[PDB]
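Visitor:
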Amino acid sequence: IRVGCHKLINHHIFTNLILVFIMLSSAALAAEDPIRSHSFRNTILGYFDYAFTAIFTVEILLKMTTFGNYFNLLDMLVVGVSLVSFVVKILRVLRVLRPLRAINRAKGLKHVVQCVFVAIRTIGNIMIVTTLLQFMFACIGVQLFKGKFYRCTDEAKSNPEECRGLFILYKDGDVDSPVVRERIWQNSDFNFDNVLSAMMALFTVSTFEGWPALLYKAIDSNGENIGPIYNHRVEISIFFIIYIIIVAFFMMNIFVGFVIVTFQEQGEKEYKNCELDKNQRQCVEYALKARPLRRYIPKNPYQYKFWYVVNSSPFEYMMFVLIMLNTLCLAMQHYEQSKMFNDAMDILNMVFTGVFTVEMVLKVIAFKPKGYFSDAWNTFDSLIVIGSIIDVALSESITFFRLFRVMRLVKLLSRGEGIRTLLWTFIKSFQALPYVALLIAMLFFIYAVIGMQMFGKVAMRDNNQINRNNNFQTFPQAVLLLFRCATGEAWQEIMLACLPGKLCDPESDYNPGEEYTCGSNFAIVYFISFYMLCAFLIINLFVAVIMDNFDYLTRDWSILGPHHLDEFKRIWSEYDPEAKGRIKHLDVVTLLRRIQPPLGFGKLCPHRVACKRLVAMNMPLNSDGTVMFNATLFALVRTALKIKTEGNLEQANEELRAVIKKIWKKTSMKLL
Amino acid sequence: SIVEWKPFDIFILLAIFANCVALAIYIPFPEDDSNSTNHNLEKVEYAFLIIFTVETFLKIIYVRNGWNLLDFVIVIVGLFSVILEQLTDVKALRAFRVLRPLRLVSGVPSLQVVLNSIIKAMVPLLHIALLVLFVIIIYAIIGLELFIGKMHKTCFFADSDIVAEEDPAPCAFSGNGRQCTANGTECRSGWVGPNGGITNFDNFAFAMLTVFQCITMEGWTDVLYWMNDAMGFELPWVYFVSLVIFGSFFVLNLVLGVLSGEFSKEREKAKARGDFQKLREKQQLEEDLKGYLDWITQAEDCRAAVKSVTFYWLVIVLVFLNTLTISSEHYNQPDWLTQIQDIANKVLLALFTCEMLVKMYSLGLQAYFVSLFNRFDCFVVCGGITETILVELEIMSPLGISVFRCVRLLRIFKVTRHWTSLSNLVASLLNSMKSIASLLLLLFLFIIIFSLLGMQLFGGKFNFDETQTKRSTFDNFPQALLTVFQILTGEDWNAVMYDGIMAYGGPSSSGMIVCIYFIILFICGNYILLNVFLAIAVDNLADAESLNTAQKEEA
Ligand SMILES: CCCCc1oc2ccccc2c1C(=O)c1cc(I)c(OCCN(CC)CC)c(I)c1
Ligand SMILES: [Ca+2]
């Protein structure tokens, strides 16, 4: 019946089961062998492919049965093409559409895909202008260097009429080592023979890859069908300089700038400023929703004095100096050092290891092991020293803790206030947007699978771009190659190496006689499209991360900042080993006195300003020693800014209930 | 001092420019060679130094201003160099005269203020610079611990000191990496290194330099592959891929995020004064003029057909035909294709001339030159008719044929002018031309200064290889300028750095201290490049959207 399988479909676990199945099927797709069609692994994965198709066909029928848009068409398209299986190369390439249907199964993935499409749509005015200008520059380059990039194999024949036969080549320029070679009237790989070639060459130039080679090839461009001349027309470099400045420096930075502007405008699509402004939406919220910090002042003065010795600025400075010396000694190791130098460095390593293993126990004794894990940075030193005391024994696997002991530098040197906060907020932004990274990973996966299917059979030669370290033979190697292209190292050289006329590795299955078949004309489209898509997605991720922290990037510390709130919390915890929620009022005088003038009171004596303002400003009518953490902060932030007269205090609470987020039944006391 | 107000500053500026051009026309020859032009330029420099010391002595009758301190320093340095040469390393101190173009900004408050703004913009980036330095130090230390003394085993020959590869790569340090495959080759220790010893992890300086190079995205895969040859495939990829992601991609986002925030922080500061209001006020009267000009004249002073949509589509098909005619040329094209190209050129020139003449007799001559579109079309058509008459006249014009095609290629503007949606950006960038010129001139001055410094340092010293000729050199001014531009683009800057290091003695000796020339030229060059081409794209582009929103309010 129609309503029978509806409950099964809408279950809280069926969707996750099908998502796990599609993810693991994609993983199975990413584990085949491009080289050998007949292999043990391929057959094993071949049996698996039958299982998912049976499951996915079952899913389609039941889903259709209860439902009897274009997302469902894609779901059937992926399963449909598989059933035709079981030219075949085109179908095998097309079966890469398996993880593309996971977009509909996740709300976040669908949302980020729609956001990417919307960003693409608004951009198109800039793309059209850039494409038109690049086409005009290609036409000018065609008019300039039409056929002038030809050259002979030996730099002695200047026309094809005499660039024929054999010639003697001198290896490495030595006259005593000659070798006979054939001379061929060759053409440049990136020329300006026609409009399309000019467009491709100018694209490779605009990617800032191999552009000096093209520049110095065009400088030597002499005539229509003659060889190059050394520094013939250096003045022709103006064409390349102007093209680069106009397109890559100017119209590609307008691209990113307009993306940033659009994201900023999208970030201002809501109007919650009924009376307040943005500056009040980042500090009043913190004051309303907060939590007291813990200091853990100990007892048992026999331990308290030891803790005070441990918890002091000179001790921290001494540890800083000791770690700086340790790293300075770590950096002095060089190649083929003297025996005395190595022995002295080893001895100093033992000395520093002993110092650190003493200091851990010294901190634990005065800090107790239970509270050791409370602080994030305290646990960092906890797990390093045992590694130090292990390698001192294994010295006379080994390099693990040898490498891991360097982390102390960043651990004890990130204790700043502008770099630590920057790193933390950017990591928080990265965690807040884990779906653009998923989009990038999906693009990398799809293109790596396509490259494995297409260029996987190209033989690896030590004198080419497709070598033992750069190839499409395995998925990790394909991903590494795509990462190399994304960084833009030699992607045009790889494209040239993936051209149709390439040798095939012996382990592949091909008919005897046709050794040079692997490689396709699809390489140009593959590499250009991958570069464009990867660049677009990378700048999309960058601008998303940037827009996620726009409040910090435009903090304007000259008026206010969360560091004031952090200092207030630290002062609150100074007399409070634990939160405890509420405190007395006798120490509130010192608490107010221990604030900076921008947040607390001016440098003048509190006998005039603070004393009068304490009674003048509205305070909860509690006992003489019962004041809570959620009231004094709001009172102080109201004193510093957003001051309202008595009687009309409920206006602020009405605005809070109308603008600020859910009160969670906590502002009842804050109203008074 | 009474008369020195207008002419003294102008004369000093002219003297600075003349000194700059005299430095530009100097040719550094290798191995103490020279010619007559250098001999004359020596006396020219003598006269310029005399003028400069006279001005320095006169200006006292001073030190508080930094620019005057710089002028005094360079003047006394020139005096020191001249005295040493006359009474005598000798020409090594000659590199301090490259600061003469630098003081030109003092005389140019515009350039100066721009320079002050750019310098003050660097304060928020110091924390990012410190983070980059710490990451570089940590990665260099890790490389010292891991990859120390491993790039020293290349495929050699049987009982000989000859490398068996034209492009050698390291062997396996402990039988895990790459092994010789040739029948009569074995590999042992004693090798120099991959890049002549420059790129390796067997010293703190070497490790720091190669880590910085890998962070700059240039040539990191070469180091990764050399590691893959030395050791296995599993350890090195973790070190370098993570370094690439954290070293630059994370840092590039952090650098852009701060500057984009800082630039947007200037937008909120400049909005209080009302700079955007002036642009809106100037723009809001432009549409009020077009509707009040045609109507105020057409009542008394035929034209319906020319403004019809049929005429628009006809001119569009004509420009499409012209574009197809231009973009159909290729190497070894058929002769009949050439014949069709000339026939189409003549026919379309005649048709466009007839269309222009028809428009001139039904729209008005005065209304044309008011708009920038009509005058450009007049220039294009005059250039085209001149091209045709010159081609078919008694003048061959061999080189001018290609130039004139680019003149007639610009007809696509006639159909891109009807956008009206992207024109906000065009108007804003055309109205900010003074600022655009100021930043472009500052960038050009930076490039010129560093080109002259590179000419002084590596001029003629790239003749050490003896087996090949190098194209990215500092031989003359155009070549040094091209090399500086290429380094600014960031492509193959490490190759130029390697050449400069090998020109001063290679990895051994104190010849590696010169590598800080390329580090400064890259870091301090990309920083300005990222402030000049991003300010235009953030200031005049944010205003365009604000202008669009304001225009939408009235629409
Ligand atoms: C989502 C698929 C479309 C992406 C895309 O289409 C374009 C059309 C015209 C011009 C640019 C693009 C474009 C880009 O996203 C793009 C292209 C390039 I090339 C590019 O520059 C890459 C290298 N860069 C520094 C080395 C040179 C400026 C950047 I950033 C973004
Ligand atoms: Ca590069």
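Chains F and A, in that order, are what the protein sequence lines are.
The first sequence runs 875 to 942, 953 to 970, 979 to 1288, 1314 to 1589 under the authors' numbering.
The second sequence runs 121 to 181, 192 to 218, 235 to 447, 516 to 769 under the authors' numbering.
Ideal Cβ placement from N, Cα and C applies to all residues, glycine included.
1) Please report whether the beta-carbon of F:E1424 lies at a distance below 8 Å from any beta-carbon of chain A.
2) Can you check whether the CB of A:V594 is closer than 8 Å to the CB of residue 189 of chain A?
3) Buried or exposed for A:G673, going by 16 or more other Cβ atoms inside 10 Å?
4) Just the C-alpha distance for F:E1563 and F:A1569, rounded to the nearest angstrom, thanks.
5) Classify A:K126: buried if its beta carbon has 16 or more other beta carbons within 10 angstroms, exposed otherwise.
6) Report the neighbours of F:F1317 on chain A: residues whose CB is nearer than 7 Å to its CB, in chain order.
7) Give me the Cβ distance between A:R419 and A:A764, rounded to the nearest whole Å; I'm assuming they're in contact under 8 Å.
8) At the 8 Å Cβ level, is A:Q258 part of the contact set with chain F, yes or no?
9) Residues in the same chain with beta-carbon distance under 8 Å from A:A142, minus the five sequence neighbours each way, listed in chain order, please.
10) Just to check, is the beta-carbon of F:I1118 closer than 7 Å to a non-hydrogen atom of ligand 1?
11) Looking at the C-beta of F:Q1225, does it have a partner C-beta in chain A at a distance below 8 Å?
12) Beta strand (DSSP E) containing F:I1020: first to last residue?
13) Kindly list, in the order they appear in chain A, the residues whose Cβ is closer than 9 Å to that of F:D1085.
14) So, under 8 Å CB-CB, F:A1354 and F:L1458 are touching, yes? Tell me the CB distance rounded to an integer number of Å.
15) Just how far apart, CA to CA, sit F:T1342 and F:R1319?
16) Taking 7 Å as the line, does the beta carbon of F:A1349 fall inside it for any heavy atom of ligand 1?
17) By DSSP, does F:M1586 sit in helix, in strand, or in coil?
18) Roughly how many whole angstroms lie between the Cα atoms of A:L400 and F:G1405?
19) For F:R1073 versus F:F1059, is the C-beta distance shorter than 8 Å?
20) Excluding the 5 residues flanking A:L199 on each side, which residues of the same chain have their C-beta closer than 8 Å to its C-beta?
21) Would you verify that the beta carbon of F:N1017 is, or is not, closer than 8 Å to some beta carbon of chain A?
22) Using only the alpha-carbon positions, how far apart do F:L919 and F:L992 sit?
23) Give me the residue from F:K1170, F:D1422, F:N996 and F:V1506 with the minimum Cα distance to F:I1383.
24) Would you check whether ligand 2 has a heavy atom nearer than 7 Å to the C-beta of A:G725?
25) Alpha carbon to alpha carbon, what distance is there between A:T443 and A:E767?
26) Give me the Cβ distance between A:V728 and A:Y712, rounded to the nearest whole Å; I'm assuming they're in contact under 8 Å.
27) Scan the region 268 to 289 of chain A for residues whose Cβ lies nearer than 7 Å to a Cβ of chain F and list them as they occur along the chain.
28) Would you tell me roughly how many angstroms separate the C-alpha atoms of A:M574 and A:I603, rounded to the nearest one?
29) Any heavy atom of ligand 2 inside 7 Å of the beta-carbon of F:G1517?
30) To the nearest whole angstrom, what separates the beta carbons of A:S406 and F:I1463, a pair I think is in contact under 8 Å?
31) Buried or exposed: which applies to A:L579, given that a residue is buried once 16 or more other Cβ atoms fall within 10 Å of its Cβ?
32) Residues of chain F with CB under 7 Å from A:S635, in chain order?
33) Taking 8 Å as the CB-CB cut-off, is A:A769 touching chain F?
34) Identify every residue that forms a DSSP beta bridge with F:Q1078.
35) Please list, following the chain, all residues that have a C-beta closer than 6 Å to any non-hydrogen atom of ligand 2.
36) Taking 7 Å as the cut-off, is the C-beta of F:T1023 nearer than that to any heavy atom in ligand 1?
Guide: Put simply:
1) no
2) Residue 189 of chain A cannot be located in this model; chain A continues from 181 straight on to 192.
3) Only buried fits A:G673, as 16 or more other CB atoms lie within 10 angstroms of its CB.
4) 11 Å
5) Using a 10 angstroms sphere on the CB of A:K126, the tally of other CB atoms stays under 16, which defines it as exposed.
6) At a C-beta separation below 7 Å, F:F1317 has no neighbours in chain A, since its nearest C-beta there lies roughly 11 Å away.
7) Not confirmed; about 17 Å, so no contact.
8) no
9) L161, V164, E165 and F168, listed in sequence order.
10) no
11) yes
12) Unbroken run through F:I1020 is the alpha helix (DSSP H), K999 to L1036; no beta strand (DSSP E).
13) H544, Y545 and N546
14) 7 Å
15) 31 Å
16) no
17) helix
18) 20 Å
19) yes
20) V193
21) yes
22) 20 Å
23) F:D1422
24) Set against 7 Å, the gap from the CB of A:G725 to the closest heavy atom of ligand 2 is not smaller.
25) 30 Å
26) About 11 Å separates the two Cβ atoms, so there is no contact after all.
27) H273, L276, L277, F280, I284, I287 and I288
28) If you take the alpha carbons of A:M574 and A:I603, they lie about 23 Å apart.
29) Remark: the C-beta of F:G1517 is outside contact range of ligand 2, defined as less than 7 Å to any heavy atom.
30) 6 Å
31) exposed
32) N1017
33) no
34) F:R1043
35) Qualifying residues, in the order they occur: F:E1101, F:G1405, F:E1406, A:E364 and A:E705.
36) yes
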